[PDB]
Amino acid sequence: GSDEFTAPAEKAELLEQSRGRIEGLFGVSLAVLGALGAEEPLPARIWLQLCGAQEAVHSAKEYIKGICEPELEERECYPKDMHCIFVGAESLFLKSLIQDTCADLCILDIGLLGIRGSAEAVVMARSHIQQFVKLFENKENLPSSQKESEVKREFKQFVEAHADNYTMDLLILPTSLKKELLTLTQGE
């Protein structure tokens, strides 16, 4: 399918530069359309055409609108030991979160994320991160189970496939958080 919408003309260079990224994130194709009829139109906006699967195009449109004309820009604080989630595993958890929420997520400092885009994308992203933090914080010694071992094994295989300086920090995350992180990446 395809969707046509506008962006401020000034964002032409941004969108041209970001085509690759946007396709890589959402699996869509992005083109900037012409402006015919001799005369420049009043709003000075450029038309974009997105092509691909329906929900993929919907997500990408929301992201593109978010980075061109964000409705919200917010911060999110998180515990320092959770930082591995956002910079570890070759940034794949952060990438999945961007794909899932359609918010633009930026690592500002250890323990600090910047979140921008459409209001609903930003609201969703913040809610998801606060939820990760909740799982991370109330962690205590808990029951052993086969189900726990399968999640730990699956999580370890994923992170070991993308090994870096954060691998050990990721491996000591609570199993509940590991499960939500797997859900997040496998859903994308």
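For every residue, the number given is its place in the sequence shown, counted from 1.
- Across the two stretches, 58 to 66 and 147 to 155, the PDB entry reports the greater mean Cα temperature factor for 147 to 155.
- Per-stretch averaging of Cα B factors for 170 to 178 and 9 to 17 places 9 to 17 on top.
- If you compare the C-alpha temperature factors of 35, 32, 123, 50 in the entry, 35 comes out highest.
- In the PDB entry, a CA B factor belonging to the middle third of its chain's modelled residues is recorded for residue 129.
- Compared with the other modelled residues of the chain, the Cα B-factor recorded for residue 80 ranks in the highest third.
- Per the PDB record, residue ranking by Cα B-factor puts residue 74 in the middle third of the chain.
- In this PDB entry, residue 110 carries a Cα temperature factor that places it within the highest third of its chain's modelled residues.
- The deposited CA B-factor of residue 119 belongs to the lowest third of values across its chain.
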